[PDB]
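Structure file start-v9.cif with mmCIF, N, CA and C atoms:
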data_structure
loop_
_atom_site.group_PDB
_atom_site.id
_atom_site.type_symbol
_atom_site.label_atom_id
_atom_site.label_comp_id
_atom_site.auth_asym_id
_atom_site.auth_seq_id
_atom_site.Cartn_x
_atom_site.Cartn_y
_atom_site.Cartn_z
ATOM 1 N N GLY Q 1 -14.968 -64.846 -129.664
ATOM 2 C CA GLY Q 1 -15.433 -65.102 -131.052
ATOM 3 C C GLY Q 1 -14.318 -64.941 -132.071
ATOM 4 N N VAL Q 2 -14.538 -64.084 -133.091
ATOM 5 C CA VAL Q 2 -13.543 -63.846 -134.153
ATOM 6 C C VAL Q 2 -12.406 -62.908 -133.684
ATOM 7 N N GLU Q 3 -11.345 -62.839 -134.500
ATOM 8 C CA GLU Q 3 -10.164 -61.978 -134.267
ATOM 9 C C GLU Q 3 -9.851 -61.203 -135.567
ATOM 10 N N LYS Q 4 -8.596 -60.724 -135.730
ATOM 11 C CA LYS Q 4 -8.103 -60.223 -137.022
ATOM 12 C C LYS Q 4 -7.995 -61.412 -137.996
ATOM 13 N N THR Q 5 -9.090 -61.658 -138.732
ATOM 14 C CA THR Q 5 -9.225 -62.825 -139.604
ATOM 15 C C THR Q 5 -8.444 -62.623 -140.923
ATOM 16 N N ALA Q 6 -7.303 -63.327 -141.044
ATOM 17 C CA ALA Q 6 -6.447 -63.290 -142.238
ATOM 18 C C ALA Q 6 -7.156 -63.961 -143.434
ATOM 19 N N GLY Q 7 -7.614 -63.132 -144.383
ATOM 20 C CA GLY Q 7 -8.317 -63.612 -145.567
ATOM 21 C C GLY Q 7 -8.887 -62.464 -146.379
ATOM 22 N N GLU Q 8 -10.103 -62.656 -146.917
ATOM 23 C CA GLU Q 8 -10.798 -61.653 -147.745
ATOM 24 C C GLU Q 8 -11.924 -61.014 -146.907
ATOM 25 N N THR Q 9 -11.545 -60.494 -145.725
ATOM 26 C CA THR Q 9 -12.484 -59.876 -144.778
ATOM 27 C C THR Q 9 -12.991 -58.526 -145.331
ATOM 28 N N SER Q 10 -14.147 -58.584 -145.997
ATOM 29 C CA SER Q 10 -14.746 -57.451 -146.703
ATOM 30 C C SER Q 10 -16.067 -57.045 -146.020
ATOM 31 N N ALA Q 11 -16.046 -55.890 -145.330
ATOM 32 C CA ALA Q 11 -17.226 -55.328 -144.658
ATOM 33 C C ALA Q 11 -18.218 -54.770 -145.703
ATOM 34 N N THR Q 12 -19.385 -55.420 -145.817
ATOM 35 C CA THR Q 12 -20.479 -55.005 -146.722
ATOM 36 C C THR Q 12 -21.330 -53.881 -146.062
ATOM 37 N N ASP Q 13 -21.082 -53.656 -144.762
ATOM 38 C CA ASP Q 13 -21.764 -52.622 -143.955
ATOM 39 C C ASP Q 13 -20.996 -51.267 -144.013
ATOM 40 N N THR Q 14 -21.571 -50.228 -143.343
ATOM 41 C CA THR Q 14 -20.988 -48.875 -143.111
ATOM 42 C C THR Q 14 -21.451 -47.855 -144.183
ATOM 43 N N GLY Q 15 -22.056 -48.345 -145.284
ATOM 44 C CA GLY Q 15 -22.537 -47.485 -146.381
ATOM 45 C C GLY Q 15 -23.723 -46.600 -145.997
ATOM 46 N N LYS Q 16 -24.663 -47.159 -145.206
ATOM 47 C CA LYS Q 16 -25.831 -46.405 -144.700
ATOM 48 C C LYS Q 16 -25.410 -45.402 -143.611
ATOM 49 N N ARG Q 17 -24.621 -45.885 -142.624
ATOM 50 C CA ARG Q 17 -24.140 -45.050 -141.500
ATOM 51 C C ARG Q 17 -23.286 -43.885 -142.009
ATOM 52 N N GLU Q 18 -22.597 -44.104 -143.151
ATOM 53 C CA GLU Q 18 -21.752 -43.081 -143.783
ATOM 54 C C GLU Q 18 -22.557 -41.816 -144.114
ATOM 55 N N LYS Q 19 -23.813 -41.996 -144.569
ATOM 56 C CA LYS Q 19 -24.725 -40.877 -144.899
ATOM 57 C C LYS Q 19 -24.928 -39.958 -143.673
ATOM 58 N N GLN Q 20 -25.165 -40.596 -142.511
ATOM 59 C CA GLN Q 20 -25.337 -39.906 -141.214
ATOM 60 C C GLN Q 20 -24.024 -39.219 -140.798
ATOM 61 N N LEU Q 21 -22.901 -39.926 -141.049
ATOM 62 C CA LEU Q 21 -21.553 -39.440 -140.741
ATOM 63 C C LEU Q 21 -21.211 -38.204 -141.583
ATOM 64 N N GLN Q 22 -21.655 -38.181 -142.865
ATOM 65 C CA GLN Q 22 -21.324 -37.099 -143.827
ATOM 66 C C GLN Q 22 -21.796 -35.725 -143.328
ATOM 67 N N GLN Q 23 -23.006 -35.689 -142.742
ATOM 68 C CA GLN Q 23 -23.592 -34.459 -142.172
ATOM 69 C C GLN Q 23 -22.769 -33.983 -140.963
ATOM 70 N N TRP Q 24 -22.377 -34.959 -140.126
ATOM 71 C CA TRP Q 24 -21.533 -34.742 -138.939
ATOM 72 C C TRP Q 24 -20.140 -34.242 -139.375
ATOM 73 N N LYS Q 25 -19.628 -34.810 -140.476
ATOM 74 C CA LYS Q 25 -18.305 -34.484 -141.020
ATOM 75 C C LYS Q 25 -18.294 -33.053 -141.558
ATOM 76 N N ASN Q 26 -19.411 -32.659 -142.196
ATOM 77 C CA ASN Q 26 -19.619 -31.285 -142.679
ATOM 78 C C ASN Q 26 -19.601 -30.304 -141.507
ATOM 79 N N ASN Q 27 -20.275 -30.687 -140.403
ATOM 80 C CA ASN Q 27 -20.339 -29.866 -139.184
ATOM 81 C C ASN Q 27 -18.937 -29.628 -138.617
ATOM 82 N N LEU Q 28 -18.173 -30.725 -138.471
ATOM 83 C CA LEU Q 28 -16.836 -30.694 -137.859
ATOM 84 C C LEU Q 28 -15.863 -29.860 -138.700
ATOM 85 N N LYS Q 29 -15.851 -30.110 -140.024
ATOM 86 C CA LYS Q 29 -14.964 -29.401 -140.973
ATOM 87 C C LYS Q 29 -15.320 -27.907 -141.078
ATOM 88 N N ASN Q 30 -16.611 -27.576 -140.874
ATOM 89 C CA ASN Q 30 -17.084 -26.178 -140.812
ATOM 90 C C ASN Q 30 -16.469 -25.469 -139.609
ATOM 91 N N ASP Q 31 -16.602 -26.100 -138.426
ATOM 92 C CA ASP Q 31 -16.047 -25.575 -137.165
ATOM 93 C C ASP Q 31 -14.511 -25.435 -137.257
ATOM 94 N N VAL Q 32 -13.857 -26.463 -137.831
ATOM 95 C CA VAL Q 32 -12.397 -26.486 -138.067
ATOM 96 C C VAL Q 32 -11.959 -25.307 -138.969
ATOM 97 N N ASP Q 33 -12.783 -25.008 -139.982
ATOM 98 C CA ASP Q 33 -12.520 -23.914 -140.935
ATOM 99 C C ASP Q 33 -12.852 -22.533 -140.322
ATOM 100 N N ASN Q 34 -13.824 -22.498 -139.388
ATOM 101 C CA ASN Q 34 -14.282 -21.244 -138.737
ATOM 102 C C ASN Q 34 -13.327 -20.827 -137.612
ATOM 103 N N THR Q 35 -12.665 -21.820 -136.999
ATOM 104 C CA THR Q 35 -11.716 -21.595 -135.902
ATOM 105 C C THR Q 35 -10.407 -21.012 -136.444
ATOM 106 N N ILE Q 36 -9.564 -20.484 -135.545
ATOM 107 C CA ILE Q 36 -8.330 -19.764 -135.931
ATOM 108 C C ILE Q 36 -7.142 -20.724 -136.195
ATOM 109 N N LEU Q 37 -7.447 -21.998 -136.546
ATOM 110 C CA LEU Q 37 -6.420 -23.012 -136.869
ATOM 111 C C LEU Q 37 -5.594 -22.571 -138.092
ATOM 112 N N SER Q 38 -4.325 -23.004 -138.155
ATOM 113 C CA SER Q 38 -3.443 -22.729 -139.308
ATOM 114 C C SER Q 38 -4.008 -23.386 -140.583
ATOM 115 N N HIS Q 39 -3.592 -22.888 -141.765
ATOM 116 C CA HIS Q 39 -4.058 -23.412 -143.069
ATOM 117 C C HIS Q 39 -3.825 -24.932 -143.163
ATOM 118 N N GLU Q 40 -2.649 -25.355 -142.686
ATOM 119 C CA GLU Q 40 -2.236 -26.760 -142.668
ATOM 120 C C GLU Q 40 -3.091 -27.557 -141.671
ATOM 121 N N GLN Q 41 -3.379 -26.948 -140.498
ATOM 122 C CA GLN Q 41 -4.149 -27.603 -139.419
ATOM 123 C C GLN Q 41 -5.612 -27.807 -139.800
ATOM 124 N N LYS Q 42 -6.176 -26.844 -140.546
ATOM 125 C CA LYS Q 42 -7.553 -26.942 -141.025
ATOM 126 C C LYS Q 42 -7.676 -28.144 -141.961
ATOM 127 N N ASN Q 43 -6.788 -28.173 -142.960
ATOM 128 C CA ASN Q 43 -6.699 -29.267 -143.943
ATOM 129 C C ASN Q 43 -6.402 -30.625 -143.251
ATOM 130 N N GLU Q 44 -5.539 -30.576 -142.216
ATOM 131 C CA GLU Q 44 -5.075 -31.752 -141.442
ATOM 132 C C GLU Q 44 -6.238 -32.453 -140.740
ATOM 133 N N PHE Q 45 -7.061 -31.661 -140.037
ATOM 134 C CA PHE Q 45 -8.245 -32.171 -139.330
ATOM 135 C C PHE Q 45 -9.308 -32.651 -140.321
ATOM 136 N N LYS Q 46 -9.602 -31.821 -141.349
ATOM 137 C CA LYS Q 46 -10.628 -32.130 -142.378
ATOM 138 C C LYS Q 46 -10.387 -33.499 -143.045
ATOM 139 N N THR Q 47 -9.104 -33.788 -143.337
ATOM 140 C CA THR Q 47 -8.674 -35.055 -143.941
ATOM 141 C C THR Q 47 -9.079 -36.248 -143.057
ATOM 142 N N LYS Q 48 -8.754 -36.155 -141.756
ATOM 143 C CA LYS Q 48 -9.073 -37.200 -140.774
ATOM 144 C C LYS Q 48 -10.591 -37.393 -140.653
ATOM 145 N N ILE Q 49 -11.309 -36.263 -140.524
ATOM 146 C CA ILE Q 49 -12.772 -36.228 -140.362
ATOM 147 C C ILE Q 49 -13.474 -36.972 -141.520
ATOM 148 N N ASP Q 50 -12.989 -36.754 -142.756
ATOM 149 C CA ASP Q 50 -13.530 -37.421 -143.958
ATOM 150 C C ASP Q 50 -13.181 -38.917 -143.996
ATOM 151 N N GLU Q 51 -11.943 -39.260 -143.615
ATOM 152 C CA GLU Q 51 -11.422 -40.641 -143.729
ATOM 153 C C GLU Q 51 -11.887 -41.549 -142.577
ATOM 154 N N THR Q 52 -12.322 -40.941 -141.472
ATOM 155 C CA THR Q 52 -12.722 -41.675 -140.267
ATOM 156 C C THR Q 52 -14.224 -42.006 -140.303
ATOM 157 N N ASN Q 53 -14.527 -43.306 -140.335
ATOM 158 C CA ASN Q 53 -15.887 -43.838 -140.145
ATOM 159 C C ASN Q 53 -16.124 -44.134 -138.658
ATOM 160 N N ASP Q 54 -15.024 -44.227 -137.889
ATOM 161 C CA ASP Q 54 -15.064 -44.564 -136.465
ATOM 162 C C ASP Q 54 -15.604 -43.374 -135.664
ATOM 163 N N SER Q 55 -16.838 -43.517 -135.168
ATOM 164 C CA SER Q 55 -17.559 -42.455 -134.452
ATOM 165 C C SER Q 55 -16.786 -41.945 -133.215
ATOM 166 N N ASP Q 56 -16.047 -42.852 -132.562
ATOM 167 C CA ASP Q 56 -15.268 -42.559 -131.339
ATOM 168 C C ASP Q 56 -14.045 -41.685 -131.673
ATOM 169 N N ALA Q 57 -13.406 -41.999 -132.807
ATOM 170 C CA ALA Q 57 -12.259 -41.241 -133.310
ATOM 171 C C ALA Q 57 -12.704 -39.868 -133.851
ATOM 172 N N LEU Q 58 -13.961 -39.777 -134.330
ATOM 173 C CA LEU Q 58 -14.575 -38.493 -134.732
ATOM 174 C C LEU Q 58 -14.820 -37.606 -133.490
ATOM 175 N N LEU Q 59 -15.310 -38.230 -132.394
ATOM 176 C CA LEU Q 59 -15.466 -37.572 -131.066
ATOM 177 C C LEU Q 59 -14.101 -37.049 -130.547
ATOM 178 N N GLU Q 60 -13.044 -37.837 -130.824
ATOM 179 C CA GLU Q 60 -11.655 -37.509 -130.462
ATOM 180 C C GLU Q 60 -11.150 -36.305 -131.279
ATOM 181 N N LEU Q 61 -11.507 -36.270 -132.578
ATOM 182 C CA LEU Q 61 -11.132 -35.169 -133.496
ATOM 183 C C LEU Q 61 -11.762 -33.843 -133.062
ATOM 184 N N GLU Q 62 -12.979 -33.926 -132.486
ATOM 185 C CA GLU Q 62 -13.655 -32.767 -131.891
ATOM 186 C C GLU Q 62 -12.844 -32.244 -130.700
ATOM 187 N N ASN Q 63 -12.490 -33.175 -129.799
ATOM 188 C CA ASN Q 63 -11.666 -32.893 -128.609
ATOM 189 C C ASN Q 63 -10.298 -32.288 -129.010
ATOM 190 N N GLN Q 64 -9.774 -32.738 -130.165
ATOM 191 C CA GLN Q 64 -8.455 -32.338 -130.672
ATOM 192 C C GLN Q 64 -8.454 -30.901 -131.236
ATOM 193 N N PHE Q 65 -9.417 -30.562 -132.140
ATOM 194 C CA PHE Q 65 -9.409 -29.235 -132.822
ATOM 195 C C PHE Q 65 -9.890 -28.134 -131.866
ATOM 196 N N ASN Q 66 -10.800 -28.501 -130.943
ATOM 197 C CA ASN Q 66 -11.277 -27.596 -129.878
ATOM 198 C C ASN Q 66 -10.144 -27.300 -128.890
ATOM 199 N N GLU Q 67 -9.285 -28.312 -128.641
ATOM 200 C CA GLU Q 67 -8.093 -28.137 -127.805
ATOM 201 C C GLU Q 67 -7.076 -27.226 -128.512
ATOM 202 N N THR Q 68 -6.804 -27.524 -129.806
ATOM 203 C CA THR Q 68 -5.822 -26.782 -130.623
ATOM 204 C C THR Q 68 -6.214 -25.298 -130.706
ATOM 205 N N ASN Q 69 -7.516 -25.069 -130.932
ATOM 206 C CA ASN Q 69 -8.096 -23.729 -131.033
ATOM 207 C C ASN Q 69 -8.004 -22.982 -129.697
ATOM 208 N N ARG Q 70 -8.252 -23.702 -128.586
ATOM 209 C CA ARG Q 70 -8.149 -23.146 -127.221
ATOM 210 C C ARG Q 70 -6.708 -22.681 -126.934
ATOM 211 N N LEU Q 71 -5.745 -23.579 -127.224
ATOM 212 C CA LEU Q 71 -4.301 -23.333 -127.045
ATOM 213 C C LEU Q 71 -3.846 -22.127 -127.885
ATOM 214 N N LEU Q 72 -4.436 -22.014 -129.087
ATOM 215 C CA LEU Q 72 -4.202 -20.899 -130.011
ATOM 216 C C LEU Q 72 -4.722 -19.576 -129.442
ATOM 217 N N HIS Q 73 -5.936 -19.578 -128.867
ATOM 218 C CA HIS Q 73 -6.550 -18.344 -128.328
ATOM 219 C C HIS Q 73 -5.769 -17.804 -127.123
ATOM 220 N N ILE Q 74 -5.155 -18.722 -126.363
ATOM 221 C CA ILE Q 74 -4.331 -18.387 -125.196
ATOM 222 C C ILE Q 74 -2.957 -17.837 -125.641
ATOM 223 N N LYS Q 75 -2.298 -18.584 -126.549
ATOM 224 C CA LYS Q 75 -0.969 -18.238 -127.087
ATOM 225 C C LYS Q 75 -1.014 -16.909 -127.869
ATOM 226 N N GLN Q 76 -1.997 -16.805 -128.780
ATOM 227 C CA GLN Q 76 -2.170 -15.647 -129.675
ATOM 228 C C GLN Q 76 -2.566 -14.395 -128.901
ATOM 229 N N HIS Q 77 -3.383 -14.554 -127.835
ATOM 230 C CA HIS Q 77 -3.774 -13.423 -126.967
ATOM 231 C C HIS Q 77 -2.533 -12.757 -126.373
ATOM 232 N N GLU Q 78 -1.603 -13.584 -125.880
ATOM 233 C CA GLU Q 78 -0.341 -13.119 -125.284
ATOM 234 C C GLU Q 78 0.551 -12.404 -126.323
ATOM 235 N N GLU Q 79 0.482 -12.874 -127.581
ATOM 236 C CA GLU Q 79 1.230 -12.298 -128.711
ATOM 237 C C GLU Q 79 0.586 -10.972 -129.175
ATOM 238 N N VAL Q 80 -0.749 -10.877 -129.048
ATOM 239 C CA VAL Q 80 -1.487 -9.640 -129.318
ATOM 240 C C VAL Q 80 -1.108 -8.600 -128.256
ATOM 241 N N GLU Q 81 -1.153 -9.004 -126.969
ATOM 242 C CA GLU Q 81 -0.772 -8.144 -125.824
ATOM 243 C C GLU Q 81 0.696 -7.683 -125.922
ATOM 244 N N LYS Q 82 1.533 -8.526 -126.550
ATOM 245 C CA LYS Q 82 2.970 -8.270 -126.737
ATOM 246 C C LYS Q 82 3.184 -7.000 -127.593
ATOM 247 N N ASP Q 83 2.468 -6.910 -128.725
ATOM 248 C CA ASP Q 83 2.532 -5.751 -129.659
ATOM 249 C C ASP Q 83 1.656 -4.561 -129.179
ATOM 250 N N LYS Q 84 0.434 -4.904 -128.761
ATOM 251 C CA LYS Q 84 -0.619 -3.967 -128.297
ATOM 252 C C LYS Q 84 -0.199 -3.173 -127.044
ATOM 253 N N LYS Q 85 0.676 -3.757 -126.226
ATOM 254 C CA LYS Q 85 1.128 -3.148 -124.966
ATOM 255 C C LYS Q 85 2.676 -3.155 -124.932
ATOM 256 N N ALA Q 86 3.283 -2.942 -126.122
ATOM 257 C CA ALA Q 86 4.755 -2.949 -126.327
ATOM 258 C C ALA Q 86 5.388 -1.582 -125.993
ATOM 259 N N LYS Q 87 5.043 -1.045 -124.824
ATOM 260 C CA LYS Q 87 5.456 0.303 -124.403
ATOM 261 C C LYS Q 87 6.946 0.348 -124.001
ATOM 262 N N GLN Q 88 7.502 -0.815 -123.617
ATOM 263 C CA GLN Q 88 8.949 -0.973 -123.327
ATOM 264 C C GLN Q 88 9.714 -1.424 -124.599
ATOM 265 N N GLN Q 89 9.118 -1.143 -125.764
ATOM 266 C CA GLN Q 89 9.689 -1.438 -127.098
ATOM 267 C C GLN Q 89 9.358 -0.220 -127.996
ATOM 268 N N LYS Q 90 10.063 -0.052 -129.131
ATOM 269 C CA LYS Q 90 9.736 1.009 -130.107
ATOM 270 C C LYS Q 90 8.332 0.769 -130.716
ATOM 271 N N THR Q 91 7.329 1.393 -130.081
ATOM 272 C CA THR Q 91 5.900 1.261 -130.410
ATOM 273 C C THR Q 91 5.184 2.541 -129.949
ATOM 274 N N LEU Q 92 4.043 2.858 -130.589
ATOM 275 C CA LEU Q 92 3.178 3.976 -130.181
ATOM 276 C C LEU Q 92 2.638 3.755 -128.754
ATOM 277 N N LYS Q 93 2.133 4.830 -128.121
ATOM 278 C CA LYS Q 93 1.660 4.762 -126.734
ATOM 279 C C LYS Q 93 0.204 4.251 -126.686
ATOM 280 N N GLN Q 94 0.038 2.943 -126.937
ATOM 281 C CA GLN Q 94 -1.183 2.217 -126.578
ATOM 282 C C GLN Q 94 -1.068 1.848 -125.095
ATOM 283 N N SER Q 95 -1.400 2.834 -124.251
ATOM 284 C CA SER Q 95 -1.311 2.732 -122.795
ATOM 285 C C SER Q 95 -2.546 2.006 -122.235
ATOM 286 N N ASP Q 96 -2.671 0.722 -122.615
ATOM 287 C CA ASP Q 96 -3.818 -0.123 -122.268
ATOM 288 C C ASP Q 96 -3.897 -0.338 -120.749
ATOM 289 N N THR Q 97 -4.703 0.513 -120.086
ATOM 290 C CA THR Q 97 -4.952 0.428 -118.648
ATOM 291 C C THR Q 97 -5.909 -0.750 -118.391
ATOM 292 N N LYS Q 98 -5.311 -1.943 -118.320
ATOM 293 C CA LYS Q 98 -6.020 -3.220 -118.160
ATOM 294 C C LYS Q 98 -4.981 -4.310 -117.848
ATOM 295 N N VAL Q 99 -5.447 -5.406 -117.251
ATOM 296 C CA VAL Q 99 -4.650 -6.610 -117.010
ATOM 297 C C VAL Q 99 -5.201 -7.727 -117.927
#
Can I see the file as C-alpha cells?
Amino acid sequence: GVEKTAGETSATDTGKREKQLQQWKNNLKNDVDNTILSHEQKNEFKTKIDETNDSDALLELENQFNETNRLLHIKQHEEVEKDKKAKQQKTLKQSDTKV
C-alpha cells in the first residue's frame, strides 16, 4: 500500500488514544521517580515517556528503566558492602558476619 508519503501527511488520529496513554505515562514516570535512578535518569526517562505515543516504545521504556534500576541495585549493593564491610580500610569494626 502506502509508504513514507512526501507531502502534507497529517495524522488526525491519536488524540483519543493519548488520553489512555496519559494514565499509563503517569504510572511509568511514578515508578521512574520511585526507583533509585539518578536525577538526570529520572528526567531522561520521563521525557521519553511523555513524548512517545508509540505503545511498543513505551513497553521498551519499561524494560529500560527496570533494567537500569536492577543494574543500580546490584552495583550500589557492592558499593554499600564496600564501606559497610571496609575492615581492611580505616573504618569502624562493622564485623558483618554474612556473605
Worksheet item: Using only C-alpha atoms, which of Q:18, Q:96, Q:62, Q:78 sits nearest residue 32 in chain Q?
Response: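 Of Q:18, Q:96, Q:62, Q:78, the one nearest residue 32 in chain Q, counting only C-alpha atoms, is Q:62.
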Worksheet item: Skipping near chain neighbours, those fewer than 2 positions away, what residues fall within 12 Å of residue 33 in chain Q using only C-alpha atoms, listed as a PyMOL selection string?
Response: chain Q and resi 26-31+35-46+65-66+69
Practice prompt. From a DSSP pass on the backbone, collect the residues of range 4-88 of chain Q flagged as alpha helix (DSSP H) and hand them back as a ChimeraX atom specification.
Written response: /Q:15-34,39-51,55-84
Item to complete: Between atom N of residue 21 in chain Q and atom C of residue 8 in chain Q, measure the distance and give it in Å to one decimal.
Response: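 According to the coordinates, atom N of residue 21 in chain Q and atom C of residue 8 in chain Q are separated by 24.5 Å.
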Discussion item. So that I can check the surroundings of residue 58 in chain Q, please list as a PyMOL selection string every protein, DNA and RNA residue that reaches within 8 Å of it, counting all atoms listed in the file and ignoring chain neighbours fewer than 5 positions away.
Written reply: chain Q and resi 48-49+52-53+63-64
Worksheet entry | From Q:55, Q:74, Q:1, Q:89, residue lying nearest residue 20 in chain Q [only C-alpha atoms] |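 Of Q:55, Q:74, Q:1, Q:89, the one nearest residue 20 in chain Q, counting only C-alpha atoms, is Q:55.
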Worksheet item: Expressed in Å to a single decimal, how great is the separation between CA of residue 68 in chain Q and CA of residue 24 in chain Q?
Response: 19.5 Å
